[PDB]
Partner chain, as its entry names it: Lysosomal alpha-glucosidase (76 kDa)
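This document starts with one chain, in the form solved without the partner chain, laid out as structure tokens.
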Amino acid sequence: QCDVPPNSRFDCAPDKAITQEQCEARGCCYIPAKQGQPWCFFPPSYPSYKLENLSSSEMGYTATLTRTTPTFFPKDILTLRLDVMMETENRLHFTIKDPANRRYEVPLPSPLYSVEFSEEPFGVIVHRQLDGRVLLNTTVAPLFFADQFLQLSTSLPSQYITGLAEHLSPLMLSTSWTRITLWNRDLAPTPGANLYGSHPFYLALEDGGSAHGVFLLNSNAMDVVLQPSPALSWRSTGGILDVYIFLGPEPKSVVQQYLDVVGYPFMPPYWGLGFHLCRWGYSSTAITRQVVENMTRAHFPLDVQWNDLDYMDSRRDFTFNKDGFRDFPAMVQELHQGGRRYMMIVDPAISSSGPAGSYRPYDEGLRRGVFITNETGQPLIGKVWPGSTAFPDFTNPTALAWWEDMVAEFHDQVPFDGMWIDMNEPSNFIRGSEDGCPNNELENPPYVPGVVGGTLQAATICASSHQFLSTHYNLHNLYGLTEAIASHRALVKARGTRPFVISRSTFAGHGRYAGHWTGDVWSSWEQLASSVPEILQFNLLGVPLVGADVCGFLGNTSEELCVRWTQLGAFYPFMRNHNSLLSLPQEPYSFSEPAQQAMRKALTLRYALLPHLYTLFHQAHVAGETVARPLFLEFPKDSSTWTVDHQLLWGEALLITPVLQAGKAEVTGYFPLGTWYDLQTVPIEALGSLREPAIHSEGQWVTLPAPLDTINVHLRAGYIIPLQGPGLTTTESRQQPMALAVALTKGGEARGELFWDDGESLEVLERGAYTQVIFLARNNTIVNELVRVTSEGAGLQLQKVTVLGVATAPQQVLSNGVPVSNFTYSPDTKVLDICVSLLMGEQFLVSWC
């Protein structure tokens, strides 16, 4: 009766350390491990819920779940309602609720699946129809459903699972008794800790390269426990079970299906894709001006200048000091005149200690009741940068209106172009509030997940504090998201163009409103390597605008690290070099000449690829694609890709293989079956100063030369990449002529596309205010296909076409039937470089033979 294989034992004492006698008193089995694995675990006979009165609606199924025997947790809910909705052929949805009490809910020719049910103990069983494989089986363990404790378990189809941000972890999560805690927390990224965001979604790989996704729409603090059987357990501290299963079958389709629910990523302004430079310690407008001066002097592109707490008056939002920032508005106006943009930090917490009538944001907040309140109904007061602070309630409609006003009013003073929203966990320098926290079940729940500090209050506000929609206990994981939403709306109203919001704390669906950076990472090799899986993870979760502080934030960077970090960083979708107050400088211009070359080259390449990167974001926005993706998302059927997370793809075509260790002059990367052209063979122009031509892989690891000044970038055969000429800003580069890089298959074919708009307007797709072109290479010709042409893309000039993998030197190269003025061919590299005078918006035919 206690004969359960070790790896299939489910913890019967997740709440406390337990003795044998107590374990058996709970009706559980006690077997000590031989070396983690629970000593106290459920027998197959442990009391669960029983399914009864299962019936058939038009949507799917409904049933009653009854528990006869109470668990060891208080306030078991003995009668539940089951609703199974078969929403699409790709998406199955089921809820388990209390029919007697409305509980907290997060405010949001055949199907590929089939569903069965176990009667006793109750379980939901989901099969993939095509191959009969069990994806979900909740029978593996008892269902717990108490007021402050939900537990739902399932078998997993393989050892390969990804998701459940935000943690410093490999892309593929360890199934060796791993406890993953989702509770937004201000902590410098470290393994085994709950970090800034919570995304209750996983993608699971199945033998053969199929995949499915599971999303649990629950914003309460939770643990997810993985075991090697393999299996998974959700343990939430409130709410309901609201489960979506996405059937794929392709990993890309899983992501797309998940984003159908949580929302497709927002479309950033083009300039957002440029280089961002920031640090804490630009303490004046004069110093800040020097940063732009020094970058321009040394031919480093810079699109956006940022400021941290420096700009503020006494570290308060919506103010500027009259010392080093007396002429703040003029500085920002000047940046605009140069064709650049400005970003500055904004905290959620509002200074409450000022004299009445002297600080409008607090005074208005007080008047309108925008703050999170405590037991007696007064604002909850914590400590942050300005000192004593109240925290806005972003679930309050009135709070949203107040936030819009503060942003609009401040924008009238200083025309910033976006918002960097930090500390939105929300972060608190003290535990709970200045007045401590009350003694109640929200503050001391029966189950506390493995959060750092061992309490839900650590580094945040009281769980039992009041918001418009609910207690903080339920809403905590949404705090950052709600601020993102609030900020997104505020910037739209204030500016009338696309918002640019970068947020620290995030939740499922965050990517629809804002981007993210991975927080206070150390300037270390370890942290540089870790950023790749982290960036990839966020793409899978539909937050494609993500990156890490290039060169690292905490500690002092080295020259070598900063070179490697910039090399890889240029391939973060969101690229910002940011630095801490006490750190040594790490701006590109602050290093030696050889190092500057390497960095200049990385920034040059990025700027060249912006038209491509922008098109990739367009795909994310309309079709729920990823921008930076792991090999396994592009090559699921090659199981060698499954554990690759130190390389990344941009879209389908561009494979980046970075050096992530000190003193390395080579890198070993994995190349899926196909031909991969070295991007070094494509001519790229720069403003300042700055190997096999092709890899023919059978699906194998390849060692590549990787000297200090090189980052390995390969273009997949059969793909056409659009490029644009150089500039120090996107204002400049968007005016430059364009080029094509054409990577021919052995069969002489290739396909590509370009999306183009004004780069900042709202409702571009709805209004049709864009140009969309497809490029096709076939039978020794390159043509364009006009999907849509408007004034926006009309005057785009194509002046250069580079063809990779041309076997023999041509005798004639024609453009629209006339010999071109100039072309070159390398017998060595197999590259045909053609000069042309064409318009992206007019049909052309380039040919050779």
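Positions refer to the first chain, counted from 1.
Third-or-more of other entries without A390 = Negative; every one of those entries includes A390.
Looking at the other compared entries that model both neighbours, is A743 missing coordinates in at least a third of them?
-> Looking at the other entries that model residues on either side of it, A743 is present in every one.
Hey, how big is the hole between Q35 and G36 in terms of deposited residues without coordinates: none, 1 to 3, 4 to 9, or 10 or more?
-> The entry leaves 4 to 9 residues without coordinates here.
Just how many deposited residues go unmodelled from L108 to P109: none, 1 to 3, 4 to 9, or 10 or more?
-> 4 to 9 residues are missing.
With reference to the PDB entry, specify whether the mean Cα temperature factor is higher for 697-705 or for 342-350.
-> Averaging CA B-factors over each stretch, the winner is 697-705.
For the stretches 762-770 and 443-451, which has the higher mean C-alpha B-factor as given in the deposited record?
-> 762-770 has the higher mean C-alpha B-factor.
Compare the CA B factors listed in the entry for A686, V304, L273, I485 and report the winner.
-> That would be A686, according to the entry.
Among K601, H516, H578, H212, which residue carries the highest C-alpha B-factor recorded in the PDB entry?
-> Answer for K601, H516, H578, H212: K601, with the highest C-alpha B-factor.
Mind checking which third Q227 falls in for C-alpha B-factor across the chain?
-> As the PDB entry reports it, the C-alpha B-factor of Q227 lands in the middle third of its chain.
Would you mind checking where the Cα B-factor of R103 ranks among the modelled residues of its chain, as the lowest, middle or highest third?
-> Ranked within chain, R103 CA B lands in the middle tercile.
Could you look up the Cα B-factor of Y359 in the entry and say which third of the chain it sits in: lowest, middle or highest?
-> It belongs to the middle third of the chain when residues are ordered by C-alpha B-factor.
For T389, return the chain-relative third of its C-alpha B-factor as stated in the PDB record: lowest, middle or highest.
-> According to the entry, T389 has a C-alpha B-factor in the chain's middle third.
Is the Cα B-factor recorded for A146 in the lowest, middle or highest third of its chain?
-> According to the entry, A146 has a C-alpha B-factor in the chain's lowest third.
Omitted from view is the form deposited with the partner chain bound, to which the following refers.
In the deposited complex, does each residue in the set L536, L540 and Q619 place a non-hydrogen atom within 4.5 angstroms of the partner chain?
-> No, the candidate spot makes no contact with the partner chain.
Position in contact with the partner chain when the complex is considered in the deposited complex, options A717, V126, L610, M267, heavy atoms within 4.5 Å = Of the candidates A717, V126, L610, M267, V126 is the one lying within 4.5 Å of the partner chain in the deposited complex.
Pick from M423, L143, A490, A653: which residue has any heavy atom within 4.5 angstroms of the partner chain in the deposited complex?
-> Here the answer is residue option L143.
Please run the contact check for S110 against the partner chain in the deposited complex: heavy atoms, 4.5 angstroms, yes or no?
-> Result yes; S110 sits at the interface with the partner chain in the deposited complex.
With the partner left out of view, is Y196 within 4.5 angstroms of the partner chain in the deposited complex by any non-hydrogen atom?
-> Although the partner chain is absent here, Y196 would stay clear of it in the deposited complex, with no heavy atoms inside 4.5 Å.
Answer with yes or no whether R512 is in contact with the partner chain in the deposited complex, where contact means some heavy atom within 4.5 Å.
-> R512 belongs to the contact set for the partner chain.
In the deposited complex, does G669 have a heavy atom within 4.5 Å of the partner chain?
-> No, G669 stays farther than 4.5 Å from the partner chain in the deposited complex.
Heavy atoms within 4.5 Å of the partner chain in the deposited complex: which of the stretches 374-382, 655-663, 528-536, 471-479 has them?
-> The contacting stretch is 471-479.
Quick one: name the residues from 213-230 with any non-hydrogen atom within 4.5 angstroms of the partner chain in the deposited complex.
-> If the 4.5 Å heavy-atom criterion is applied to the partner chain in the deposited complex, 213-230 yields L217, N218, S219, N220, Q227, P228, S229.
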